[PDB]
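Have a look below at one chain only, the form deposited without the ligand, in structure tokens format.
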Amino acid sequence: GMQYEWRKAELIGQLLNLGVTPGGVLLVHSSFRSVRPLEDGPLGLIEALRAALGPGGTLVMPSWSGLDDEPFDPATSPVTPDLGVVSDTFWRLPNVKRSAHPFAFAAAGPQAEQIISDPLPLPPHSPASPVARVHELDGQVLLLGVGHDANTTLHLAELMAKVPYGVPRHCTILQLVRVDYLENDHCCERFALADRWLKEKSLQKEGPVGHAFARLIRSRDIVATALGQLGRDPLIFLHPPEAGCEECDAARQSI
């Protein structure tokens, strides 16, 4: 009811207290519904993120469409509604770059060109994808009002582990020429296991940003931790057949 509208300067303080590194690279998965209400809305949250990073920092967000039948255009193609209003708002602002493939990210800062430059990666989160360019630049991953099921960097860890499962997906690029690949996609619910893995090793910082429960982990810690669990169980992220997950049993089928 009478919830507090967070000011921009307050959000910067929360982000610094959470542990965001000024001048660093920060990949942010967000749900604005969790952070809301704020004064000045989603742009205010973006301005707070950019201010916490400072002029040397680079802010990165997912920015893909999800439409496998439609070609992607970095100038008009909207972000899928599942990534939130902040992601769909970030890429439209001035001087923020965007990848030129349907699995795009958006980045603004002195490092945006390096994180965005790569062509279409198959699977979408391969070692040649923006999520890997954040990892090689020692970036931070901010989970803003979302769980680890949205931690895209975990998908990169599956690919680096050479994970056995791979279901066929597809997309469209202009040369309507369908491009199918083998992706490691599932319900992603079991990604929440990484929460206990990381927090217990003291690798996950937790705190409030706005009204949201926020989690901040170094991208290298996400990959290194997950690679150890994947090295013990390549199917650690797969629901057992007992749980009867339709999205997970499909990945089990394709070896």
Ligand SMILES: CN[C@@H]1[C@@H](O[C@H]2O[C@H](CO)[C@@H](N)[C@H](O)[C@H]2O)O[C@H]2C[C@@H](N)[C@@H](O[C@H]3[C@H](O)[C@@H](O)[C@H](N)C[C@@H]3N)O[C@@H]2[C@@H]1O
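For every residue, the number given is its place in the sequence shown, counted from 1.
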Where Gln175 meets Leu176 in the shown sequence, the number of deposited residues left unmodelled: 1 to 3
Would you tell me which stretch averages the higher CA B-factor in the PDB entry, 145 to 153 or 127 to 135? 127 to 135
Between 136 to 144 and 111 to 119, point out the one with the higher average CA B-factor as the PDB entry records it. 111 to 119
Can you tell me which of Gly19, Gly24, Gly13, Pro240 has the maximum CA B-factor listed in the PDB entry? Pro240
From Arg190, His186, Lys201, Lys205, the top C-alpha temperature factor is at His186
Of the three thirds of Cα B-factor ranks in this chain, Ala214 occupies the lowest
Assert third(CA B-factor, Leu227) within chain per record equals middle
Give the position of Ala9 by CA B-factor within its chain, expressed as the lowest, middle or highest third. lowest
Lowest, middle or highest third - CA B-factor, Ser63: middle
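The same protein also exists as the form deposited with the ligand bound; that form is not shown, yet it is the one meant from here on.
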Assert contact_stretch over 206 to 214, 49 to 57, 63 to 71, 226 to 234 against the ligand in the deposited complex, heavy atom within 4.5 Å, equals 63 to 71
Test of understanding: in the deposited complex, would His186 fall inside 4.5 Å of the ligand by heavy atoms? yes
Please run the contact check for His170 against the ligand in the deposited complex: heavy atoms, 4.5 angstroms, yes or no? yes
Against the ligand in the deposited complex, would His125 count as a contact residue? Criterion: heavy atoms within 4.5 Å. yes
